[PDB]
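Notes follow the structure.
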Amino acid sequence: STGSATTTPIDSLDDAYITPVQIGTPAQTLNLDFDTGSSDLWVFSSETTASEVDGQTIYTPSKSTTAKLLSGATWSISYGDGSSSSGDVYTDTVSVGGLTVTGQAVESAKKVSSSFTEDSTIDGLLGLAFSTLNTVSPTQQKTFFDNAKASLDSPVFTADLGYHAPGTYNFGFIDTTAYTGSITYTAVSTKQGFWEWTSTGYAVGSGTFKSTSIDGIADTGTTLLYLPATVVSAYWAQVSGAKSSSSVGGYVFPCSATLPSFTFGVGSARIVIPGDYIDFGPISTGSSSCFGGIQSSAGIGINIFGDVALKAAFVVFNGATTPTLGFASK
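For the sequence shown, the entry's author numbering gives the first residue as 1, with consecutive numbering after it.
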């Protein structure tokens, strides 16, 4: 089997991407944030505290003939941004663009933190990291991909995120028309539950490529590119007036600047992030100071190849017995 669904930026800055997902019978379509950095499929629901729902579409398990409460199961998750959610669990039928999993754990939110309530465009998350990170207790549950893997033509999914434009998640096949050149595959460590890999270096604009190992995770659920402070300083040094602001929480730059590209290494191959992809706009409405899309990972404990980096590539999440990651230019 295969599936294919279009993923769309939620706003003009590509702050996140939403993909329609059909849950239950008859189908209830929710727009979920596909997140290769987490492993819970959770949704706003008829059980979510009413004051914490503000425009999201909700899953109502009582209206689904295939929903069954997973008795005694609860979930609770916290994300890198200070955000949190928790609730109970149903199993139900879940489909993504033609690909159907029966008995998928659908985690129904009873509580969500402020940042989720305040984002009316995201109805929940669909985790695509390894199932070892799933938070359901006392019986950990499998991700949508884990449940679908055996039925797929090939045990893979691909992320083709667009810059200020729609893109595609495919399950079970590699669309060889979607990228240029070849796909370079690179080893993955699953020990932390992430798609964790090692970039071979970087370049700033047309500058010299620096060969240096950068361990990090491929995370479609993180907006920006978080890299070591030395690398980030080298990048912003090329932007007149750019500076790290402790008040704002990262590197800012004059909105009038034209940003250089940033290249990262995948084995001997190179992925080029155009400068425009690194502009996240005014720090507050009407400001002439703009927020940078490359930021230091110092206060994270891990480097994160988030959407800023991944959208510059066609990315293969290969879930074979020994998982690997593939990157192609596009």
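Where is the CB? At the ideal position from N, CA and C, for every residue including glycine.
Option in the options with minimal Cα separation from residue i
| i | options | result |
| --- | --- | --- |
| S46 | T132, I58, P260, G37 | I58 |
| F171 | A165, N303, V156 | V156 |
| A129 | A328, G319, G326, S329 | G319 |
| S261 | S78, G207, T222 | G207 |
| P166 | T321, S137, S1, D15 | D15 |
| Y179 | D146, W42, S4, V315 | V315 |
| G37 | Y79, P323, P20 | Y79 |
| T139 | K149, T321, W75 | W75 |
| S120 | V204, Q56, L310 | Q56 |
| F291 | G267, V101, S4, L13 | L13 |
| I294 | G306, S62, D11 | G306 |
| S108 | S240, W42, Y185, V239 | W42 |
| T100 | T230, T200, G3, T212 | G3 |
| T190 | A27, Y17, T324 | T324 |
| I77 | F317, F116, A67 | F116 |
Span of the beta strand (DSSP E) around residue i
| i | result |
| --- | --- |
| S244 | 243-245 |
| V21 | 17-23 |
| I77 | 68-78 |
| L325 | 324-328 |
| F314 | 314-318 |
| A5 | 3-9 |
| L41 | 41-43 |
| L32 | 28-35 |
| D92 | 84-96 |
| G292 | 289-292 |
The alpha helix (DSSP H) enclosing residue i, as first and last residue numbers
| i | result |
| --- | --- |
| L310 | 307-310 |
Distance between residue j and residue i (C-alpha atoms, nearest Å)
| i | j | result |
| --- | --- | --- |
| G181 | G97 | 27 Å |
| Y202 | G265 | 6 Å |
| residue 331 | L225 | The requested residue 331 is not part of the displayed model; the chain covers only 1 to 330. |
| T132 | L126 | 15 Å |
| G103 | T60 | 16 Å |
| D175 | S51 | 43 Å |
| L69 | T91 | 7 Å |
| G72 | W236 | 50 Å |
| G249 | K243 | 11 Å |
| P282 | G124 | 27 Å |
| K142 | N134 | 7 Å |
| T198 | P228 | 13 Å |
| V53 | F44 | 8 Å |
| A148 | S1 | 9 Å |
| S85 | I304 | 22 Å |
| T6 | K311 | 14 Å |
| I23 | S137 | 22 Å |
| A328 | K111 | 39 Å |
| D215 | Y163 | 24 Å |
| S64 | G326 | 38 Å |
| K210 | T322 | 29 Å |
| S95 | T177 | 24 Å |
| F173 | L152 | 8 Å |
* beta strand (DSSP E) runs wholly inside the region 111-197, at least 3 long, in chain order -> 124-127, 156-160, 167-171, 184-187
* Would you list, in sequence order, the uninterrupted beta strand (DSSP E) runs of no fewer than 3 residues that lie entirely inside the region 212-281? => 225-227, 243-245, 250-254, 262-266, 269-273
* Is the region 190-198 in contact with the region 215-229, if contact means three or more CB pairs nearer than 8 Å? -> yes
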